[PDB]
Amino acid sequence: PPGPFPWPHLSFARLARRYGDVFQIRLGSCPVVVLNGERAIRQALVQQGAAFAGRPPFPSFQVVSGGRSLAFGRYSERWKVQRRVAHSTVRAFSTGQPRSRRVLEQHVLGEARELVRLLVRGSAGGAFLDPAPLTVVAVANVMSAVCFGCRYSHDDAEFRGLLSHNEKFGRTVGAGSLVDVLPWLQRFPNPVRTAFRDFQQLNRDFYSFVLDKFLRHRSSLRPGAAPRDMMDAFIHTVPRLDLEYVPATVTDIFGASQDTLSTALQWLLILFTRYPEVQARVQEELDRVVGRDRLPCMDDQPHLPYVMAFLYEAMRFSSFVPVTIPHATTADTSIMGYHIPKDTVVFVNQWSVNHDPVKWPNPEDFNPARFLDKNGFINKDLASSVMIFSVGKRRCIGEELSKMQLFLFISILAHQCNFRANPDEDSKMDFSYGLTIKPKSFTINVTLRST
């Protein structure tokens, strides 16, 4: 592999155009490999998936979910069991339990209507507002209903703690990651360390919060009649797994859906405002198939080719998850002719797959018609090649869950309201990097619409 190069996610694409699809970088102490091409990634993660299905052993990882995290657990024989049930259980709720689709669809509807309420009221007359704090609230409330059944009221005190948990979490994860590349920072006092502690105590305070919900759920109506929410489904579905694994995976299912689905909606909104033509086409397609007397539902998703095309290309354009969770090699392997030793950290650049000019002819241009190939004038299945949920054995287990969720959100948001940009904000979607690519602070005006 090309020798370690010294110094965002765009920098990785700069070196791939010059030093090859695969190369090494020095991250302080640890050396790391980078995969940038769809060829180098599909090869490593799909073909040789079992070889790249590992995670680095980091300080940030273990405290999460009480050292039993699915997202940060090492590749092990018991981990494989943790995923199989985790993937199967979550798949059960999103699609397959006609009830869970309903129980989920009800929770998405409810919070989605609360969203247009607070969005319109906040834009009374000609007022503009920042939708970022509303998207995080809608995401946190919905996922609480999926994990714990109870969809709290926005003023509920316990719900205020969840919101307060996500904030500090996203604000201190940076320190938790700095220790992973600068482990000596813990050898003396400094602000990063003082923050790393706050991050580790957070995942303890929050795991106990979820462990409680588990106990109070377990010793409650146990005929097995129906899973109220994700918690029961995990209990019903239980090498051997310690019973403590059920709440450990739910702590990940919650923490995972937060920052991404929020950013997802933030992009879907700021895009409606910067491209009013496509917003119209989206708006036309809902009135034509669904009508004006009822709200959209999932059973219309097949009959809504453009709405999803807008979704799939919003994910491609933003690529708000530019780099996946760092992988580690399970054994020695070779990719593109290079030797790869074991226990080596390897990043996966999803941004390079979504902006490779050969694949996507005009990469930096927002055009949802890509996934609509007019010869059939129906949605084309190229979406599967959009890299945002990753690939292989560590791919997101909530892919088919967040697709329905987001589909129901923008379809309700666009079926009821008209999103206008702010004329003073200089257009030009400016990005805020780190975690996921959130669009830097913006404001929009949301008004109802008629037909």
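Start at 1 with the first residue shown and count on from there.
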Quiz item: What number of deposited residues lacks coordinates in the span between residue 238 and residue 239: none, 1 to 3, 4 to 9, or 10 or more?
Solution: 10 or more
Quiz item: What is the count, as a class, of unmodelled deposited residues between residue 7 and residue 8: none, 1 to 3, 4 to 9, or 10 or more?
Solution: 10 or more
Exercise. Decide which of the stretches 357-365 and 185-193 has the higher mean C-alpha B-factor, going by the entry.
Key: 185-193
Practice problem: Read off the CA B-factors in the entry, average them over 196-204 and over 346-354, and name the higher stretch. | Solution: 196-204
Quiz item: Taking the entry's C-alpha B-factors for this chain, is residue 101 in the lowest, middle or highest third?
Solution: highest
Exercise. Among all modelled residues of this chain, ranked by Cα B factor, put residue 309 in the bottom, middle or top third, i.e. lowest, middle or highest.
Key: lowest
Practice problem: Report the third (lowest, middle or highest) to which the CA temperature factor of residue 43 belongs, ranking only the modelled residues of the same chain. | Solution: lowest
Quiz item: What third of its chain's C-alpha B-factors does residue 65 belong to: lowest, middle or highest?
Solution: middle
Self-check item: Chain third (lowest, middle, highest) by recorded CA B-factor, residue given as residue 26
Solution: highest
